[PDB]
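Novice: Here is the sequence, then the experimental structure:
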Amino acid sequence: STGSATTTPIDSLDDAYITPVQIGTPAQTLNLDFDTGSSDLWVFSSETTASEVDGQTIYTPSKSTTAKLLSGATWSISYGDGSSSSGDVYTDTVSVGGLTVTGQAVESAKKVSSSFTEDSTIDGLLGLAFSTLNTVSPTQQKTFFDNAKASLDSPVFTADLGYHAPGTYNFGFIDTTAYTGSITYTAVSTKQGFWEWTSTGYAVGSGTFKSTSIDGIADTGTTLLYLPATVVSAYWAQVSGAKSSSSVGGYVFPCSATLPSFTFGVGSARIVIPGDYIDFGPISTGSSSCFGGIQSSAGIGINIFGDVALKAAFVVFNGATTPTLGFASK
Ligand SMILES: NCc1ccc(C(F)(F)F)cc1
Ligand SMILES: NCc1ccc(C(F)(F)F)cc1
């Protein structure tokens, strides 16, 4: 079997992408944030503290004839940005673009952090990292991808994120019409539960390519590109007037500047991020200081190839017994 679903940016800056997901019988359609950096499928629900819901579409298990409460199971998650949520667990039927999984763990939020409440466009998250990171206790649960793997034509999914435009998540097949040239595959380490890989280096604009190993994770659930301080300093040094601002919390630049592209290596291949992808607009309404899309990972502890990098490529998440990541230009 296969599945295909359109994913849409939630705002004018591509801060996140939402994809419609059908849950329950009859279907309840929720717009979920597909997150290859986490492994919980959790949703706003009829059980969520009422004051913590502000416009989200909620999952109502009591209206689904296929929902079963997973007795005694709870979940609690904290994301690298400080957001968090927790609740109890149902199993139900979950469908993504024609691909159906029965008995999927659907984690019902009882409590969500403020950043989720204020995001009226995101009804929940669909985790696509490895199931070892799932937070359900006392019995760990599998991700949607792990549950679907056996019935998929090929144990893969692909991310084709758009720049200020819709894109596509495909499950079980590779669309050879969606990219140019060849796909370059690179080894993945699952030892931390992430889609973790090693980039072979970088270039700033038309500068010389620097061969150097950068270990990081492919994370559709993170907006920006977080790289080591040496690399990030080399990039912003090429933008007149750019500086790291402690009050803002990262590199800012004059909104009148033109940004250079950023190239990152995948084996012997190169993915080029156009400079416009790195502009995240004014730091406050009406400001002439703009926020940069490439930031330092020094405070994080791991390098993150977030949406800024991934949307410049066609990305294959190969969940074979030896997992790999594939990157192609598009
Ligand atoms: N998108 C999920 C996510 C968020 C943060 C991290 C961090 F910070 F731990 F790297 C990993 C994965
Ligand atoms: N990386 C996972 C993640 C995704 C979105 C959010 C937000 F935007 F809702 F806060 C937090 C954490």
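Specialist: Nice, thanks for sending it over. Residues are numbered from 1 along each chain as shown. Ligands and ions are numbered 1, 2, ... in the order given.
Novice: And the host helix or strand of residue 85, what does it pack against?
Specialist: Assigned by DSSP states H and E, residue 85 falls within strand 84-96. When contacts are defined as 3 or more CB pairs under 8 Å, 6 or more residues apart in numbering; DSSP states H and E, strand 84-96 sits against strand 3-9, strand 17-23, strand 41-43, strand 68-78, strand 99-112. All C-beta atoms are positioned from the backbone trio N, CA, C, and that covers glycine.
Novice: For that strand, which strands pair with it and how are they oriented?
Specialist: Strand 84-96 has the following sheet partners, assigned by DSSP bridges: strand 17-23 (antiparallel), strand 68-78 (antiparallel), strand 99-112 (antiparallel).
Novice: Make TSV out of the ones you listed and add mean neighbour count.
Specialist: Shown next, in TSV, are these (neighbours: other CB atoms under 10 Å):
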stretch	mean neighbour count
strand 17-23	22
strand 68-78	15
strand 99-112	21
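Novice: Distance to ligand 2 added to those strands, as a markdown table?
Specialist: Converted to a markdown table, the strands paired with strand 84-96 look like this (distance: least, CB to the nearest ligand atom, whole Å):
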| stretch | distance to ligand 2 |
| --- | --- |
| strand 17-23 | 10 |
| strand 68-78 | 9 |
| strand 99-112 | 9 |
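Novice: Of those strands, which is nearest ligand 1?
Specialist: Nearest to ligand 1 among these is strand 68-78 (9.1 Å), distances taken as CB to the nearest ligand atom.
Novice: tell me how far that closest one is from the chain's mean position?
Specialist: For strand 68-78, the separation from the chain centroid amounts to 23 Å (computed by CA atoms, centre = their mean, to the nearest Å).
Novice: Other residues contacting that strand?
Specialist: 38, 40, 42, 61, 84-92, 105, 107, 135-139, 141 (CB atoms under 8 Å, 6 or more residues apart in numbering).
Novice: what about that strand, near ligand 1?
Specialist: No. Applying CB under 6 Å from any ligand atom, one finds strand 68-78 out of contact with ligand 1, separated by at least 9.1 Å.
Novice: What of stretch 285-301?
Specialist: Yes. Against ligand 1, stretch 285-301 shows contacts by CB under 6 Å from any ligand atom at residue 300.
Novice: ends of that stretch, how far apart?
Specialist: Stretch 285-301 has an end-to-end distance of 31 Å (criterion: CA to CA, to the nearest Å).
Novice: For it, buried residues please.
Specialist: Buried positions in stretch 285-301, judged by neighbour count with 16 or more other CB atoms under 10 Å: 289, 290, 291, 292, 293, 294, 295, 296, 297.
Novice: Throw those into JSON lines and include secondary structure and distance to residue 125, thanks.
Specialist: Below are the buried residues of stretch 285-301 laid out as JSON lines (DSSP: H, G, I helix; E, B strand; the rest coil; distance: CB to CB, whole Å):
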{"residue": "289", "secondary structure": "strand", "distance to residue 125": "31"}
{"residue": "290", "secondary structure": "strand", "distance to residue 125": "28"}
{"residue": "291", "secondary structure": "strand", "distance to residue 125": "24"}
{"residue": "292", "secondary structure": "strand", "distance to residue 125": "26"}
{"residue": "293", "secondary structure": "coil", "distance to residue 125": "22"}
{"residue": "294", "secondary structure": "strand", "distance to residue 125": "24"}
{"residue": "295", "secondary structure": "strand", "distance to residue 125": "22"}
{"residue": "296", "secondary structure": "strand", "distance to residue 125": "25"}
{"residue": "297", "secondary structure": "coil", "distance to residue 125": "22"}
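Novice: re the thing from before, pull out the buried residues from the strand holding residue 85.
Specialist: 85, 86, 87, 88, 89, 90, 91, 92, 93, 94, 95, 96.
Novice: ok, the fifth one to residue 129 distance?
Specialist: Translated: residue 89. 18 Å (CB to CB, to the nearest Å).
Novice: next one: residue 195
Specialist: Residue 195 sits 7 Å away from residue 129, going by CB to CB.
Novice: Ok, residue 107 next?
Specialist: Residue 107 sits 15 Å away from residue 129, going by CB to CB.
Novice: Would you agree residue 40 is in contact with residue 127?
Specialist: Yes. With contact defined as CB atoms under 8 Å, residue 40 reaches residue 127; the gap is 4.8 Å.
Novice: list residues touching both of those two?
Specialist: residue 134.
Novice: Give me the neighbour count for the closest residue to ligand 1 within the stretch 151-300 of the chain.
Specialist: Using CB to the nearest ligand atom, the closest approach of the stretch 151-300 of the chain to ligand 1 is made by residue 221 at 2.9 Å. Counted by other CB atoms under 10 Å, the residues lying close to residue 221 total 23.
Novice: Angles on the backbone of it, please.
Specialist: Backbone torsions of residue 221, given as degrees, to the nearest 10, read phi -90, psi 0.
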